[PDB]
>>> print(open('run38.txt').read())   # compact mmCIF, N, CA and C atoms
# COMPACT_ATOMS: atom_id res chain seq x y z
N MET A 1 90.24 66.53 140.10
CA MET A 1 89.94 66.42 138.70
C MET A 1 88.97 67.52 138.35
N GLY A 2 89.04 68.67 139.09
CA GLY A 2 88.20 69.87 138.91
C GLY A 2 88.47 70.70 137.68
N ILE A 3 89.72 70.65 137.15
CA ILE A 3 90.13 71.27 135.90
C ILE A 3 90.72 70.16 135.03
N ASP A 4 90.61 70.25 133.66
CA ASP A 4 91.14 69.21 132.79
C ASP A 4 92.59 69.36 132.44
N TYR A 5 93.50 69.18 133.40
CA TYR A 5 94.86 68.68 133.24
C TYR A 5 95.08 67.18 133.07
N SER A 6 94.78 66.45 134.21
CA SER A 6 95.19 65.08 134.58
C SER A 6 94.85 63.99 133.58
N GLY A 7 93.60 63.94 133.02
CA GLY A 7 93.19 63.16 131.85
C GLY A 7 93.98 63.35 130.58
N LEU A 8 94.41 64.59 130.24
CA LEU A 8 95.24 64.86 129.08
C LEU A 8 96.69 64.46 129.30
N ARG A 9 97.23 64.68 130.54
CA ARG A 9 98.56 64.16 130.91
C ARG A 9 98.70 62.67 131.09
N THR A 10 97.68 62.01 131.68
CA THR A 10 97.65 60.57 131.88
C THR A 10 97.21 59.77 130.67
N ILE A 11 96.30 60.31 129.79
CA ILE A 11 95.91 59.65 128.55
C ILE A 11 96.68 60.16 127.29
N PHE A 12 97.10 61.46 127.12
CA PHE A 12 97.61 61.91 125.79
C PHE A 12 99.07 62.32 125.82
N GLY A 13 99.54 62.84 126.98
CA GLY A 13 100.96 62.84 127.34
C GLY A 13 101.68 64.16 127.44
N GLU A 14 102.39 64.58 126.36
CA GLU A 14 103.32 65.71 126.31
C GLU A 14 102.78 67.15 126.33
N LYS A 15 101.58 67.40 125.77
CA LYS A 15 100.99 68.73 125.72
C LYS A 15 99.52 68.42 125.59
N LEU A 16 98.63 69.44 125.58
CA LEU A 16 97.19 69.24 125.48
C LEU A 16 96.72 69.02 124.04
N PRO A 17 95.76 68.13 123.78
CA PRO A 17 95.34 67.80 122.45
C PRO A 17 94.24 68.70 121.90
N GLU A 18 93.86 68.34 120.66
CA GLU A 18 92.85 68.88 119.81
C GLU A 18 91.45 68.53 120.30
N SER A 19 90.48 69.37 119.93
CA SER A 19 89.09 69.36 120.33
C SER A 19 88.20 68.20 119.90
N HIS A 20 88.57 67.46 118.81
CA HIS A 20 87.90 66.23 118.33
C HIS A 20 87.99 65.09 119.36
N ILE A 21 89.20 64.89 119.98
CA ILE A 21 89.33 64.08 121.20
C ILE A 21 88.89 64.82 122.45
N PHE A 22 89.26 66.14 122.63
CA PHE A 22 88.97 66.91 123.85
C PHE A 22 87.44 67.08 124.11
N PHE A 23 86.59 67.50 123.13
CA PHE A 23 85.12 67.59 123.30
C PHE A 23 84.37 66.24 123.28
N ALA A 24 84.91 65.15 122.64
CA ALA A 24 84.17 63.89 122.47
C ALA A 24 84.65 62.64 123.22
N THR A 25 85.91 62.59 123.75
CA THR A 25 86.46 61.40 124.44
C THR A 25 86.36 61.59 125.95
N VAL A 26 85.84 60.60 126.75
CA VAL A 26 85.65 60.63 128.24
C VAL A 26 86.92 60.91 129.04
N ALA A 27 88.10 60.44 128.51
CA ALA A 27 89.48 60.66 128.94
C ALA A 27 89.82 62.13 129.19
N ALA A 28 89.16 63.01 128.40
CA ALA A 28 89.19 64.44 128.50
C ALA A 28 87.87 65.03 129.04
N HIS A 29 86.68 64.51 128.63
CA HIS A 29 85.37 65.05 129.03
C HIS A 29 84.91 64.82 130.49
N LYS A 30 85.50 63.84 131.25
CA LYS A 30 85.23 63.57 132.68
C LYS A 30 85.64 64.70 133.64
N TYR A 31 86.50 65.61 133.11
CA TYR A 31 87.11 66.78 133.71
C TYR A 31 86.41 68.10 133.38
N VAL A 32 86.55 68.54 132.11
CA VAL A 32 86.02 69.73 131.47
C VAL A 32 86.06 69.30 130.03
N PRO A 33 85.17 69.63 129.12
CA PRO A 33 85.33 69.26 127.73
C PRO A 33 86.29 70.10 126.87
N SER A 34 86.40 71.44 127.02
CA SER A 34 87.26 72.34 126.25
C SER A 34 87.15 73.79 126.68
N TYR A 35 87.82 74.73 125.95
CA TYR A 35 88.04 76.19 126.09
C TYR A 35 86.82 77.04 126.50
N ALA A 36 85.61 76.50 126.29
CA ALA A 36 84.31 76.98 126.72
C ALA A 36 84.03 76.80 128.22
N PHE A 37 84.35 75.59 128.80
CA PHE A 37 84.36 75.32 130.24
C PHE A 37 85.61 76.00 130.80
N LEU A 38 86.79 75.77 130.15
CA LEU A 38 88.04 76.38 130.62
C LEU A 38 88.15 77.91 130.58
N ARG A 39 87.60 78.69 129.59
CA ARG A 39 87.64 80.17 129.66
C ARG A 39 86.72 80.78 130.72
N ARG A 40 85.51 80.17 130.89
CA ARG A 40 84.51 80.48 131.91
C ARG A 40 84.96 80.08 133.33
N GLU A 41 85.72 78.96 133.48
CA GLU A 41 86.26 78.49 134.76
C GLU A 41 87.62 79.08 135.17
N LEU A 42 88.57 79.40 134.22
CA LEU A 42 89.95 79.84 134.54
C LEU A 42 90.14 81.26 135.03
N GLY A 43 89.05 82.07 135.00
CA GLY A 43 88.98 83.50 135.29
C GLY A 43 89.57 84.44 134.26
N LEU A 44 90.37 83.95 133.27
CA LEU A 44 90.98 84.76 132.23
C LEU A 44 90.57 84.36 130.83
N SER A 45 90.40 85.36 129.91
CA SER A 45 90.00 85.20 128.50
C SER A 45 91.09 84.65 127.60
N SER A 46 91.55 83.43 127.94
CA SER A 46 92.64 82.66 127.36
C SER A 46 92.35 82.06 125.98
N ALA A 47 91.07 81.75 125.60
CA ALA A 47 90.71 80.92 124.44
C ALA A 47 90.95 81.46 123.02
N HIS A 48 91.37 82.75 122.92
CA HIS A 48 91.77 83.51 121.74
C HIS A 48 92.94 82.93 120.93
N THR A 49 93.83 82.13 121.57
CA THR A 49 94.96 81.51 120.89
C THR A 49 95.22 80.18 121.57
N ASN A 50 95.22 79.03 120.82
CA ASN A 50 95.40 77.65 121.34
C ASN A 50 96.69 77.43 122.11
N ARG A 51 97.79 78.01 121.58
CA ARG A 51 99.13 78.05 122.12
C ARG A 51 99.24 78.85 123.41
N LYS A 52 98.54 80.02 123.54
CA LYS A 52 98.49 80.88 124.73
C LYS A 52 97.64 80.30 125.87
N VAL A 53 96.39 79.80 125.55
CA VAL A 53 95.52 79.11 126.53
C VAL A 53 96.14 77.84 127.00
N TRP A 54 96.64 77.01 126.04
CA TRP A 54 97.36 75.79 126.31
C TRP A 54 98.62 75.98 127.10
N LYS A 55 99.36 77.09 126.93
CA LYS A 55 100.47 77.54 127.79
C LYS A 55 100.05 77.94 129.21
N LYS A 56 98.92 78.70 129.43
CA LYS A 56 98.37 78.99 130.79
C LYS A 56 97.88 77.69 131.48
N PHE A 57 97.19 76.88 130.65
CA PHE A 57 96.72 75.51 130.98
C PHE A 57 97.88 74.51 131.27
N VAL A 58 98.96 74.60 130.46
CA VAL A 58 100.29 73.97 130.56
C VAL A 58 101.17 74.43 131.71
N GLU A 59 101.03 75.72 132.12
CA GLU A 59 101.51 76.31 133.37
C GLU A 59 100.79 75.68 134.59
N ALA A 60 99.44 75.42 134.49
CA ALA A 60 98.68 74.61 135.47
C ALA A 60 99.09 73.15 135.60
N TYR A 61 99.36 72.52 134.42
CA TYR A 61 99.63 71.11 134.15
C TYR A 61 100.76 70.45 135.02
N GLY A 62 101.56 71.29 135.71
CA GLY A 62 102.52 70.92 136.76
C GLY A 62 102.02 71.08 138.20
N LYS A 63 100.72 71.41 138.43
CA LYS A 63 100.08 71.67 139.73
C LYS A 63 99.25 70.53 140.34
N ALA A 64 98.61 69.62 139.55
CA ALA A 64 97.80 68.48 140.03
C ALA A 64 98.36 67.13 139.58
N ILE A 65 99.70 67.06 139.39
CA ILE A 65 100.42 65.89 138.87
C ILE A 65 101.01 64.95 139.94
N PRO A 66 100.44 63.75 140.22
CA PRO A 66 101.10 62.69 140.99
C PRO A 66 102.07 61.89 140.07
N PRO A 67 103.21 61.31 140.50
CA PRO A 67 104.17 60.61 139.63
C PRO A 67 103.78 59.15 139.33
N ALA A 68 102.52 58.86 138.91
CA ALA A 68 102.03 57.53 138.61
C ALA A 68 100.65 57.71 137.98
N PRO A 69 100.12 56.78 137.14
CA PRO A 69 98.78 56.87 136.55
C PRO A 69 97.68 56.48 137.57
N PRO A 70 96.56 57.22 137.79
CA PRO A 70 95.56 56.90 138.80
C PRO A 70 94.42 56.05 138.20
N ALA A 71 93.18 56.60 138.15
CA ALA A 71 91.94 55.99 137.69
C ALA A 71 91.57 56.17 136.21
N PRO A 72 91.75 57.29 135.46
CA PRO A 72 91.29 57.45 134.07
C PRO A 72 91.91 56.61 132.94
N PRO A 73 93.19 56.13 132.81
CA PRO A 73 93.66 55.40 131.63
C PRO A 73 93.17 53.94 131.60
N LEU A 74 92.85 53.42 130.40
CA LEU A 74 92.27 52.08 130.20
C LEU A 74 93.22 51.22 129.37
N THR A 75 93.28 49.87 129.55
CA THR A 75 94.14 48.94 128.77
C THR A 75 93.55 48.60 127.39
N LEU A 76 93.46 49.69 126.58
CA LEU A 76 92.96 49.93 125.24
C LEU A 76 92.32 51.31 125.41
N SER A 77 93.17 52.36 125.58
CA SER A 77 92.82 53.75 125.94
C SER A 77 92.56 54.66 124.74
N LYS A 78 92.58 54.01 123.55
CA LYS A 78 92.54 54.50 122.18
C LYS A 78 93.59 53.66 121.46
N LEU A 79 94.88 53.81 121.87
CA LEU A 79 96.02 53.07 121.34
C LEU A 79 96.82 52.56 122.53
N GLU A 80 96.06 52.07 123.56
CA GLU A 80 96.44 51.53 124.87
C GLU A 80 96.67 52.62 125.91
N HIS A 81 96.78 52.23 127.22
CA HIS A 81 96.86 53.12 128.40
C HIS A 81 97.92 54.26 128.42
>>> encode(input="run38.txt", output="structure tokens")
Amino acid sequence: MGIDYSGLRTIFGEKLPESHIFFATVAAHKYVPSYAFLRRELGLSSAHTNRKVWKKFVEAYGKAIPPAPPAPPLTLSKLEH
């Protein structure tokens, strides 16, 4: 859970979400909070375009994926697990 893939895939689903949930919700913040941790951590200056960073991040998003939900989703996860 060293990079914020798994919380966004296990809690939000199809692609990476917006910064109002990403900077403020634990489901995303237990990992990295946003493009500030992710541009400094990813080695590349990705944060210039949400679609381009999210695509490099989305290219990662198939690398730490087990085929089942682990520890982060809750049974009332915002609008359930």
>>> atom_distance(input="run38.txt", atom1="atom N of residue 35 in chain A", atom2="CA of residue 75 in chain A")
26.7 Å
>>> closest_residue(input="run38.txt", among="A:71, A:64, A:32, A:76", to="residue 3 in chain A", atoms="all atoms listed in the file")
A:32
>>> closest_residue(input="run38.txt", among="A:15, A:78, A:30, A:9", to="residue 50 in chain A", atoms="only C-alpha atoms")
A:15
>>> residues_near_point(input="run38.txt", point="(99.5, 57.9, 126.4)", cutoff="6.5 Å", atoms="all atoms listed in the file", output="ChimeraX atom specification")
/A:10-13,80-81
>>> write_last_selection(input="run38.txt", atoms="N, CA and C atoms", output="PDB file, in the coordinates of the input")
ATOM      1  N   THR A  10      97.680  62.010 131.680  1.00  0.00           N
ATOM      2  CA  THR A  10      97.650  60.570 131.880  1.00  0.00           C
ATOM      3  C   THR A  10      97.210  59.770 130.670  1.00  0.00           C
ATOM      4  N   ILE A  11      96.300  60.310 129.790  1.00  0.00           N
ATOM      5  CA  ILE A  11      95.910  59.650 128.550  1.00  0.00           C
ATOM      6  C   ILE A  11      96.680  60.160 127.290  1.00  0.00           C
ATOM      7  N   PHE A  12      97.100  61.460 127.120  1.00  0.00           N
ATOM      8  CA  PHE A  12      97.610  61.910 125.790  1.00  0.00           C
ATOM      9  C   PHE A  12      99.070  62.320 125.820  1.00  0.00           C
ATOM     10  N   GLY A  13      99.540  62.840 126.980  1.00  0.00           N
ATOM     11  CA  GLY A  13     100.960  62.840 127.340  1.00  0.00           C
ATOM     12  C   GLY A  13     101.680  64.160 127.440  1.00  0.00           C
ATOM     13  N   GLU A  80      96.060  52.070 123.560  1.00  0.00           N
ATOM     14  CA  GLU A  80      96.440  51.530 124.870  1.00  0.00           C
ATOM     15  C   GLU A  80      96.670  52.620 125.910  1.00  0.00           C
ATOM     16  N   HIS A  81      96.780  52.230 127.220  1.00  0.00           N
ATOM     17  CA  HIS A  81      96.860  53.120 128.400  1.00  0.00           C
ATOM     18  C   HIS A  81      97.920  54.260 128.420  1.00  0.00           C
TER      19      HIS A  81
END
>>> residues_around(input="run38.txt", residues="residue 58 in chain A", least_positions_apart="4", cutoff="8 Å", atoms="only C-alpha atoms", output="NGL selection string")
:A and (15-16 or 54 or 62)
>>> residues_around(input="run38.txt", residues="residue 38 in chain A", least_positions_apart="3", cutoff="10 Å", atoms="only C-alpha atoms", output="number ranges by chain")
A: 3-4, 32-35, 41-47, 53, 57
>>> atom_distance(input="run38.txt", atom1="CA of residue 67 in chain A", atom2="atom C of residue 27 in chain A")
17.8 Å
